[PDB]
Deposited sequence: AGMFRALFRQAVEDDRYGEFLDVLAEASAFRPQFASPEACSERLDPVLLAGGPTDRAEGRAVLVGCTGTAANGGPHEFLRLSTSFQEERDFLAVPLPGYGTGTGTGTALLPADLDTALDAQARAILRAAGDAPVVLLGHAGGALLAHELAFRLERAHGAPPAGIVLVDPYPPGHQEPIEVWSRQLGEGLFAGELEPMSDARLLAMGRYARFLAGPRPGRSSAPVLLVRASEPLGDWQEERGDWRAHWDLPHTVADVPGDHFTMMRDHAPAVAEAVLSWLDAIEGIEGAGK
């Protein structure tokens, strides 16, 4: 495929995953942007991946697509089967990843506002519970806060699957080559250069200062196996979030928790949703 992918493959080989994401972020600034939610390229209409039973007033689940350049409307396919006849599961796309190619968001708030609009239109009057994995976990929380402060509509809950927020990212740096190697392993087709630029841009968004904590209760789902070696004397390698409502540990590692062990994640979410309703 493209040169950015080739360069990225080399950087992951050289254990410089982080340095090249910075290049991707810098480079992405020259892509055409949208500065208002109105100006967004894509239809962010959420895709219905599971239907719950027939009713009322039950929360619907919204999957917030992660940052991975190999990602897309297939992240939640395996997870969603476990919600069939249990909950509606809607997957909302991340602006900048579609198809010309898609405009990039001018800042993260403009992307969130475009998602907030499509989510409120699709969910109707049902309460919404936001779910995201890894980078998507961080996006799920920023979308939660945006819905609350800017659209006056806080979600009923947030599910954070293996989040590594700023200040708790030491494991994610020690294992960066495993993380970089994971992106290339997950390729169904080659990662496009446009999507790699989108990924770098969003990675930079999420490293920035985003004060503002959602009111919504948090289910923290954590992998149980480390992704790489780790001396326990360094402290905890696990995913972290401040003051969760509930913590669930599931089999697998950062990656496999969402593949081979997706049902374990779904079971933790379903038990948690009943508890808070």
property	result
Deposited sequence positions missing from the model - stretches, numbered from 1, in order	56 to 57, 102 to 105, 284 to 290
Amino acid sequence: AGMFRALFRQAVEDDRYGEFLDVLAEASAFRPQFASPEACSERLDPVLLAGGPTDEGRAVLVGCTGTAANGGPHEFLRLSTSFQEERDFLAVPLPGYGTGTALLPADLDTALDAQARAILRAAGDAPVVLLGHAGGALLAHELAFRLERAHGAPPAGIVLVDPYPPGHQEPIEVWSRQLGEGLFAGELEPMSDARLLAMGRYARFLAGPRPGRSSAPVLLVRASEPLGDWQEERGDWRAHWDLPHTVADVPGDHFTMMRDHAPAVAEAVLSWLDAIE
From here on, numbers count along this sequence of modelled residues.
item: Mean C-alpha temperature factor, higher of 36 to 44 and 206 to 214; value: 36 to 44
item: Of 163 to 171 and 145 to 153, the one with larger mean CA B-factor; value: 163 to 171
item: Candidate residues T54, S28, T246, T65, the one whose C-alpha B factor the record puts highest; value: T54
item: Selection by C-alpha B-factor (highest) of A123, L79, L139, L131; value: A123
item: Among modelled residues of the same chain, the CA temperature factor third for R87; value: middle
item: CA B-factor ranking of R234, expressed as a third of its chain; value: middle
item: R195 CA temperature factor, ranked by third within the chain; value: middle
item: Third of chain Cα B-factors occupied by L24; value: lowest
item: Modelled-residue ranking by C-alpha temperature factor, third containing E75; value: middle
